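All remarks here apply to the structure that follows.
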Amino acid sequence: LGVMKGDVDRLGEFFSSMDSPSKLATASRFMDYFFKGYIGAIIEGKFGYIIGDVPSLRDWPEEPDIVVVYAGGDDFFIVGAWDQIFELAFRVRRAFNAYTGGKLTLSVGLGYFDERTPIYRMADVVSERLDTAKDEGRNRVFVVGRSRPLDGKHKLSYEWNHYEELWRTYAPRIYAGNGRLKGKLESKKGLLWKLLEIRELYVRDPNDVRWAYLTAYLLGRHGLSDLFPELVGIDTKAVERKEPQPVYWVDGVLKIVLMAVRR
Amino acid sequence: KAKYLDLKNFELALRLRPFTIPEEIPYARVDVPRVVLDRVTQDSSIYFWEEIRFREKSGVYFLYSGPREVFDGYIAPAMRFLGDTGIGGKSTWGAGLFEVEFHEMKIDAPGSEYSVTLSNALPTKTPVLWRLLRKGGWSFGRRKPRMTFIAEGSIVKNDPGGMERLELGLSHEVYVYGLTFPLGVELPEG
Amino acid sequence: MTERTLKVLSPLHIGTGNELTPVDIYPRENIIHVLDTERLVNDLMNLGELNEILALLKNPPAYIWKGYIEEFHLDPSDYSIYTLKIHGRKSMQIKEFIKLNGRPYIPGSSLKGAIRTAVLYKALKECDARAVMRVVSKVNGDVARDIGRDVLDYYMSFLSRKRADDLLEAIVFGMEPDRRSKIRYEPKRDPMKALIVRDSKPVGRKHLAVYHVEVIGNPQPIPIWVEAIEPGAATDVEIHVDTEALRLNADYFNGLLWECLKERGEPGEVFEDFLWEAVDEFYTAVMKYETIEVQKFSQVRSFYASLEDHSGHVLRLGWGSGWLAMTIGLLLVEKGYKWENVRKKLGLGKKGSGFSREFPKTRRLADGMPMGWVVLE
Amino acid sequence: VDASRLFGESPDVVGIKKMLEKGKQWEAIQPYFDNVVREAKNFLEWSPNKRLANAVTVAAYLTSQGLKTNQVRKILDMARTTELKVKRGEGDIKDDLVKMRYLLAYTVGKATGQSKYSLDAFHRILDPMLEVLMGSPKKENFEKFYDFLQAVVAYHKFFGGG
Amino acid sequence: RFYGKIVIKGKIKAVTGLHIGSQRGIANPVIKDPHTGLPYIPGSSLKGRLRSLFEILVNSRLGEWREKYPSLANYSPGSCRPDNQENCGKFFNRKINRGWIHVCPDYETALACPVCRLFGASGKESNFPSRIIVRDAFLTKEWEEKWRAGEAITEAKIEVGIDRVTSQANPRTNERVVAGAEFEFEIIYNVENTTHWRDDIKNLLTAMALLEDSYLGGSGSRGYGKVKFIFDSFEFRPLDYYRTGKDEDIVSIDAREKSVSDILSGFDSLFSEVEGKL
Amino acid sequence: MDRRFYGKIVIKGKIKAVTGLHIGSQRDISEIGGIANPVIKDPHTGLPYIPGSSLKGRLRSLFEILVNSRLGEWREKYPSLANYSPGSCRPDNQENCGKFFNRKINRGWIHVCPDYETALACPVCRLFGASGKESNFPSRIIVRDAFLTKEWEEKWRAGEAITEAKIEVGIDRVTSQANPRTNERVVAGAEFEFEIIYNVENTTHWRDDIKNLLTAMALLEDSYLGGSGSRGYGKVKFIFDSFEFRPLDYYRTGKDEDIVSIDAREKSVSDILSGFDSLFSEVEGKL
RNA sequence: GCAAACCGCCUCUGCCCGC
RNA sequence: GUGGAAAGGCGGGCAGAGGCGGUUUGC
Ligand SMILES: [Zn+2]
Ligand SMILES: [Zn+2]
């Protein structure tokens with residue numbers, strides 16, 4: 001069961017900019033109308049020129065299985081199918097990017113839960129996954145729960161344009177649409193689960209370089225030297241810029257596809 | 001949004017100084033699933049259970065002011081009994097167990113007319129700035145009534161607190177702790 | 001039956017893909033010896049280094065690199081085979097036999113792959129009028145096998161590492177549903193998954209000897225040294241068909257072999273009797289075919305005329321069985337030009353193409369004996 | 001071109017795999033890096049990515065030759081068993097490193113033909129490290145050896161050999 | 001009334017791969033400490049397996065134990081599963097959600113049942129608390145150091161499902177703890193009554209002796225259990241220990257003894273001072 | 001309904017790999033240079049072993065096919081086999097009907113009874129157990145993992161090969177072109193110490209559950225274990241040490257009160273053979 | 001006088017049901 | 001005089017089907 005919980009970021013500074021009561025009464029209706037009327041027409045599949053290409057597991061249904069529990073004026077707590085809660089968070093973000101002039105942001109926590117979980121626990125988890133995305137950059141999404149070292153250099157949440165660019169590179173080569181993989185990777189999930197175990201060696205010690213050639217051997221003996229040509233060679237510029245390796249951010253793209261598959 | 005502070009940053013917030021919040025909470029609230037297995041057919045029935053899982057060096061502690069003859073007569077022999085039974089929760093699954101050490105804490109606090117409560121309050125008079133806590137526990141299988149406490153860190157003025165004794169249909173009277181633990185604090189104009 | 005013992009009538013080499021370098025060997029006599037480098041090298045230290053790691057990597061003028069142990073030492077050998085021929089000037093690479101503890105046995109994967117060639121030959125003889133009804137079910141390509149007209153007359157023009165037998169094994173053993181090609185093999189649909197052969201008991205050291213295989217078919221013959229089981233060794237092997245595995249699969253097998261068993265009676269009952277009638281019709285037919293060519297050595301024909309009046313089931317194994325005995329192409333002799341364009345398509349001679357001796361030119365026989373004959377019963 | 005592609009740490013993992021799928025450019029620039037590997041005679045010469053840098057330059061120069069992994073498996077499985085002894089079983093590999101030197105010496109004493117150079121360059125590299133490993137500890141300074149020898153074989157599958 | 005706390009320390013030896021799942025990158029993960037990532041054996045998977053083995057032990061001996069333990073006279077061997085009525089005549093009398101457990105319905109009956117006196121009962125107007133505390137078993141210092149030395153502590157094992165006719169293979173993976181591991185357990189019995197504690201220790205050792213021939217969690221029937229109790233020390237912790245704090249507890253010495261060299265091999269011998277001080 | 005406990009018939013011994021055994025794994029576990037298709041291995045000691053899953057399932061595979069041969073001959077002795085007809089649910093993709101192989105696991109049909117009391121009268125699913133919705137009958141045998149025996153531990157220390165590499169080549173018949181691969185296998189003659197624990201629940205039918213477990217053992221020495229046994233790799237031989245009984249009074253006392261049957265020189269076809277009742281007569285004197 | 005060439009894996013399966 | 005008391009994440013599931021270490025011809 002997929003749960004998203006989002007709100008507009010640095011909104012109190014926006015309404016403090018209004019200097020007259022007619023100007024406040026305009027900015028507080030237009031922000032109210034996005035989470036009251038126009039969030040319905042996003043779930044209704046409209047506005048395709050404005051939204052565009054978003055990370056979708058399955059293609060967009062005529063009737064989405066989405067139950068909007070709350071949507072207040074900045075805050076929204078929406079539950080639904082975990083494949084369509086995932087896509088809608090990128091579909092709400094892009095429309096809110098263009099309903100404004102690109103000046104106000106969102107932040108979304110995302111959880112994936114058992115059915116038979118108490119709902120006060122699904123709120124208290126996603127409220128923590130929202131606040132983890134909120135004290136980091138306030139234009140960034142929490143996608144999936146993820147392991148990372150406690151060195152303070154790694155952060156669990158993706159920025160919006162970062163994850164949506166990680167999806168346009170890594171998903172059209174391993175994923176075909178509607179819960180199936182591509183050619184030459186059918187019946188090869190054992191590549192992908194062990195690929196996350198090589199990602200766990202980055203988690204246990206990021207200074208150890210043992211993950212670099214184990215990726216090259218495991219992609220090598222399967223003949224898949226074309227897939228993932230940057231998980232084999234270490235990025236020296238990332239060690240220069242003090243940003244994580246590309247083996248670290250591939251978890252949010254693989255683990256969604258491994259959940260999309262029967263697994 | 002911050003809930004706790006360091007031993008050093010607490011002494012700054014008592015003086016209305018600039019302070020910083022800690023980066024890391026020493027525990028987590030995980031949800032371990034258990035199961036109830038049938039004795040003949042091994043049928044499963046999952047329920048969920050939440051916990052508090054501490055880190056490698058982390059733990060929990062409380063503070064004691066009082067005469068030393070009451071401490072090593074009552075508080076100190078009681079905490080070693082409680083090292084082998086629990087503090088709340090499923091003590092039969094090994095939850096509330098610990099090892100006890102005794103140390104010394106010293107807090108720099110400004111002398112004032114007001115004070116913060118480092119425990120639950122159950123005040124006599126109405127406090128200054130507070131935060132409601134509403135809980136009532138259990139006593140020998142008897143369900144205690146919910147009592148409006150005050151959460152920790154709330155501000156009182158010249159308040160001692162006071163325990164309420166309850167009946168609950170037992171043989172002995174049940175006292176419920178609501179004494180305050182006053183440390184001096186500096187306030188603005190309300 | 002169980003434990004159907006065999007005997008050995010010609011030299012028999014089951015390879016392991018390994019040769020003995022001359023640093024492993026020092027023949028003191030007409031007998032040869034396999035020295036133990038791991039023990040001998042670690043035993044020649046007490047008298048002392050880095051000279052052994054330098055000289056063995058150098059490989060100078062073999063003889064002296066194995067006779068230098070004779071100075072102040074002797075007697076470090078493992079198996080000590082016999083040469084049994086007028087050769088060995090070391091300059092040789094003895095190909096070794098498959099051994100489980102230094103003891104020669106016959107692997108069961110090698111005796112099953114010889115029965116599978118005999119069984120494939122029987123299926124293509126009897127099964128073009130019935131070969132269309134097999135691929136009439138979920139293949140839709142039998143019309144190409146009907147318009148060509150006995151699926152062999154199509155397969156010579158159908159082709160016109162190497163996956164040449166991919167369609168022909170998919171017709172006689174396993175019809176699949178569909179592929180990018182017409183049909184393919186399915187291992188789950190096979191009568192030969194009920195054929196259980198097991199590794200034999202180990203033969204013995206006394207029956208193992210080195211040989212000197214001369215290649216005949218060119219004016220300059222080449223020798224190859226190899227070790228093989230001497231003729232006259234008899235071990236025991238157990239072969240049985242699990243009839244219970246055929247009763248469960250009476251509806252799931254889809255092949256021409258299954259359409260050779262439903263005509264001798266109950267198809268889960270005559271498969272073991274069909275099995276040996278396929279053996280004595282592939283291997284007796286390749287036995288008679290080699291009496292035509294007389295390019296060998298005389299005495300070779302006196303071996304083939306003596307292979308008759310010999311009880312039991314005669315079949316090839318091993319390494320000296322030529323292209324005629326590992327391959328359907330005994331049946332592809334009667335085509336001629338239908339196989340002549342395809343044999344150059346597949347290719348053969350190297351270092352263009354062999355014109356008149358394309359397939360059968362090489363004969364590998366050890367000491368004037370055509371090697372690789374084992375007779376079950 | 002090839003020397004600029006073959007940079008310091010991970011110059012072109014994606015780039016050298018395309019160029020190795022060549023003749024004159026890699027017969028010289030990788031020869032300098034093979035000589036750079038032999039000039040680093042100490043096995044503990046690289047606490048950084050330079051073990052991962054040498055082994056890419058090694059396995060690019062060996063992929064230009066044949067280097068059948070099947071020929072080397074007697075050494076490669078022997079390196080597996082000696083590392084298995086380090087897990088509280090044994091602590092002296094000197095009685096068996098000589099065997100592993102001998103199995104390295106027996107392999108080049110067998111490998112004759114077009115595949116001499118595929119084993120001559122392989123002979124050139126591991127033996128100055130096996131010179132160091134004779135008089136060395138085996139939990140440390142052999143840890144850095146066996147991880148180097150894995151990365152040689154590992155990138156050799158990525159560059160397209162075996 | 002409180003008299004002391006018999007404390008049972010030792011080790012759990014996973015002779016075969018032990019799997020205690022969680023169902024949340026391996027497809028079926030054993031549970032783990034979230035801060036270290038190390039596996040552990042819970043105190044609740046150990047206790048419900050000591051109890052499920054011991055309740056079937058009592059279920060076979062209802063008639064033979066009517067006069068050593070009362071309130072086994074109100075139970076008939078069997079479950080109350082067909083007739084959906086709790087606290088009926090049969091033994092496994094309480095339905096929780098879909099499973100039937102022997103839990104005695106009152107305090108006045110759980111003081112006589114051998115299961116519920118040792119393991120506890122819920123009841124209505126009863127709440128009989130248990131007398132044992134089973135801690136979470138964590139890896140021994142020697143096995144946390146192998147985690148530091150870069151080893152694998154949890155393997156991943158692949159099984160397969162095969163058709164009985166066409167041999168279609170259908171595999172899945174199961175993470176399980178590497179065989180040979182050493183855990184550290186702890187069981188603290190609470191001496192409430194001073195008369196029937198020998199029967200509560202000798203029943204707890206019987207539950208452990210059945211656990212060394214059954215399995216602990218997981219697949220088990222396909223060989224994922226095979227546990228072994230390695231005792232270190234039994235300590236008494238008297239009532240005089242908790243008041244004055246001076247270290248005069250009574251310590252048994254059993255460095256290398258089994259669960260069956262401890263039940264009667266030394267039971268008159270090892271508990272000689274504990275049965276004297278009471 | 002009515003689960004009881006009387007004891008645990010324990011069947012120890014050794015497994016002799018008369019022909020070389022291959023229980024395959026997958027690789028890629030931080031392993032670089034090795035034989036393709038490796039035997040599974042104990043990660044702590046390094047040595048190969050036989051899983052209890054590979055042995056409990058292989059005995060189930062041979063015994064379910066033995067019962068499918070006779071669905072008119074066992075039904076006079078066991079009820080609920082009259083619910084089943086010989087066949088499979090492969091020609092009709094429906095789970096529970098008259099066909100004897102009824103559970104689609106993922107794609108493969110395996111005889112598992114869907115209910116408790118249907119499986120309580122089934123000769124297969126009372127010995128090997130069953131899953132179901134609301135019934136879930138559990139098993140009565142547990143088969144543990146079989147590591148190398150203590151003397152073959154010592155041969156690994158001495159340097160003797162505990163594995164080997166057999167190369168098998170597949171040859172296309174038309175072009176005679178080899179397609180070589182190398183298969184690791186345990187050396188023939190190796191020996192693994194095994195463990196089968198039967199859990200005695202109903203004293204009315206426990207003769208049969210040992211006579212059916214010893215039937216599937218004798219079917220396994222006729223069949224193969226693991227591997228590619230149609231090409232040689234099977235040929236398991238069971239060497240018993242000792243049947244033991246472990247009564248209920250053992251686990252309460254601690255005294256060695258177990259009834260120890262001795263077949264230290266007997267065979268799996270010799271235990272089922274005349275003498276079954278000569279060897280288990282003191283178990284019946286205890287029950 | 002003795003070899004030197006190529007082939008070194010191929011193709012089907014991959015968590016269900018039950019709270 | 002303890003938001004407590006009772007509660008196994010497990011029941012069933014062969015890493016399996018097919019496969020001659022082979023053939024060719026010269027430098
Ligand atoms: Zn009870
Ligand atoms: Zn059944």
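Every chain in the structure tokens has a letter given in the order shown (A, B, ...), and although residue numbers restart at 1 in each chain, ligands are simply numbered from 1 in the order shown.
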Practice item. Give as a VMD selection string the residues surrounding ligand 2 up to a distance of 12 Å, considering only C-alpha atoms (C1' of nucleotides) and all ligand atoms. Key: (chain F and resid 60 63 to 65 67 to 68 78 to 84 96 99 to 103 110 to 132 136 to 139) or (chain H and resid 12)
Exercise for review: Tell me the residues of chain F close to chain E, meaning within 9 Å using only C-alpha atoms, as a PyMOL selection string.
Suggested key: chain F and resi 1-6+8+25-26+29+42-45+51-57+61-62+64-65+88+101+104-111+128+134+139-145+197+248+250-255
Exercise for review: Would you mind listing the residues within 12 Å of ligand 1, counting only C-alpha atoms (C1' of nucleotides) and all ligand atoms, as a PyMOL selection string?
Suggested key: (chain E and resi 51+54-55+58-59+62+69-75+87+91-94+101-123+128-130) or (chain H and resi 6)
Practice item. Provide as a ChimeraX atom specification the residues of chain H at most 10 Å from chain F, counting only C-alpha atoms (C1' of nucleotides). Key: /H:11-24
Residues just named, written with C-alpha atoms (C1' of nucleotides) as a PDB file, in the first residue's frame:
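That gives us again32.pdb:
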```pdb
ATOM      1  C1'   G H  11       3.141 -24.222   6.815  1.00  0.00           C
ATOM      2  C1'   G H  12       4.390 -26.954   2.011  1.00  0.00           C
ATOM      3  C1'   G H  13       8.307 -26.554  -2.261  1.00  0.00           C
ATOM      4  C1'   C H  14      15.006 -32.021  -5.625  1.00  0.00           C
ATOM      5  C1'   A H  15      19.051 -26.055  -8.343  1.00  0.00           C
ATOM      6  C1'   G H  16      16.676 -29.270 -11.871  1.00  0.00           C
ATOM      7  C1'   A H  17      15.876 -31.053 -17.531  1.00  0.00           C
ATOM      8  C1'   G H  18      19.018 -31.977 -22.456  1.00  0.00           C
ATOM      9  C1'   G H  19      24.700 -32.572 -23.793  1.00  0.00           C
ATOM     10  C1'   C H  20      30.889 -38.898 -26.246  1.00  0.00           C
ATOM     11  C1'   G H  21      36.649 -33.765 -24.635  1.00  0.00           C
ATOM     12  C1'   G H  22      35.610 -33.844 -29.494  1.00  0.00           C
ATOM     13  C1'   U H  23      36.603 -33.628 -34.869  1.00  0.00           C
ATOM     14  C1'   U H  24      39.364 -31.677 -38.957  1.00  0.00           C
TER      15        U H  24
END
```
Could the residues of chain D that have an atom at most 12 Å from chain A be listed as JSON lines, each with its closest atom pair and the distance in Å to one decimal, counting only C-alpha atoms and ordered by chain and ascending residue number?
```
{"residue": "D:7", "atom": "CA", "partner": "A:236", "partner_atom": "CA", "distance": 11.2}
{"residue": "D:8", "atom": "CA", "partner": "A:236", "partner_atom": "CA", "distance": 10.0}
{"residue": "D:9", "atom": "CA", "partner": "A:236", "partner_atom": "CA", "distance": 7.8}
{"residue": "D:10", "atom": "CA", "partner": "A:233", "partner_atom": "CA", "distance": 6.0}
{"residue": "D:11", "atom": "CA", "partner": "A:233", "partner_atom": "CA", "distance": 8.5}
{"residue": "D:12", "atom": "CA", "partner": "A:233", "partner_atom": "CA", "distance": 7.8}
{"residue": "D:13", "atom": "CA", "partner": "A:233", "partner_atom": "CA", "distance": 5.6}
{"residue": "D:14", "atom": "CA", "partner": "A:229", "partner_atom": "CA", "distance": 6.0}
{"residue": "D:15", "atom": "CA", "partner": "A:229", "partner_atom": "CA", "distance": 9.7}
{"residue": "D:16", "atom": "CA", "partner": "A:233", "partner_atom": "CA", "distance": 11.3}
{"residue": "D:17", "atom": "CA", "partner": "A:225", "partner_atom": "CA", "distance": 8.8}
{"residue": "D:18", "atom": "CA", "partner": "A:226", "partner_atom": "CA", "distance": 10.3}
{"residue": "D:47", "atom": "CA", "partner": "A:208", "partner_atom": "CA", "distance": 9.9}
{"residue": "D:48", "atom": "CA", "partner": "A:209", "partner_atom": "CA", "distance": 8.6}
{"residue": "D:49", "atom": "CA", "partner": "A:209", "partner_atom": "CA", "distance": 7.1}
{"residue": "D:50", "atom": "CA", "partner": "A:209", "partner_atom": "CA", "distance": 10.4}
{"residue": "D:51", "atom": "CA", "partner": "A:209", "partner_atom": "CA", "distance": 9.5}
{"residue": "D:52", "atom": "CA", "partner": "A:209", "partner_atom": "CA", "distance": 7.7}
{"residue": "D:53", "atom": "CA", "partner": "A:233", "partner_atom": "CA", "distance": 10.0}
{"residue": "D:55", "atom": "CA", "partner": "A:213", "partner_atom": "CA", "distance": 9.8}
{"residue": "D:56", "atom": "CA", "partner": "A:213", "partner_atom": "CA", "distance": 9.5}
{"residue": "D:59", "atom": "CA", "partner": "A:213", "partner_atom": "CA", "distance": 11.7}
{"residue": "D:144", "atom": "CA", "partner": "A:210", "partner_atom": "CA", "distance": 11.3}
{"residue": "D:146", "atom": "CA", "partner": "A:210", "partner_atom": "CA", "distance": 11.7}
{"residue": "D:147", "atom": "CA", "partner": "A:210", "partner_atom": "CA", "distance": 8.0}
{"residue": "D:148", "atom": "CA", "partner": "A:210", "partner_atom": "CA", "distance": 10.0}
{"residue": "D:149", "atom": "CA", "partner": "A:213", "partner_atom": "CA", "distance": 11.1}
{"residue": "D:150", "atom": "CA", "partner": "A:213", "partner_atom": "CA", "distance": 8.2}
{"residue": "D:151", "atom": "CA", "partner": "A:213", "partner_atom": "CA", "distance": 5.9}
{"residue": "D:152", "atom": "CA", "partner": "A:213", "partner_atom": "CA", "distance": 8.9}
{"residue": "D:153", "atom": "CA", "partner": "A:217", "partner_atom": "CA", "distance": 8.1}
{"residue": "D:154", "atom": "CA", "partner": "A:217", "partner_atom": "CA", "distance": 4.6}
{"residue": "D:155", "atom": "CA", "partner": "A:216", "partner_atom": "CA", "distance": 6.0}
{"residue": "D:156", "atom": "CA", "partner": "A:217", "partner_atom": "CA", "distance": 8.1}
{"residue": "D:157", "atom": "CA", "partner": "A:220", "partner_atom": "CA", "distance": 5.1}
{"residue": "D:158", "atom": "CA", "partner": "A:220", "partner_atom": "CA", "distance": 4.3}
{"residue": "D:159", "atom": "CA", "partner": "A:220", "partner_atom": "CA", "distance": 7.7}
{"residue": "D:160", "atom": "CA", "partner": "A:220", "partner_atom": "CA", "distance": 7.5}
{"residue": "D:161", "atom": "CA", "partner": "A:220", "partner_atom": "CA", "distance": 9.4}
{"residue": "D:162", "atom": "CA", "partner": "A:221", "partner_atom": "CA", "distance": 9.2}
```
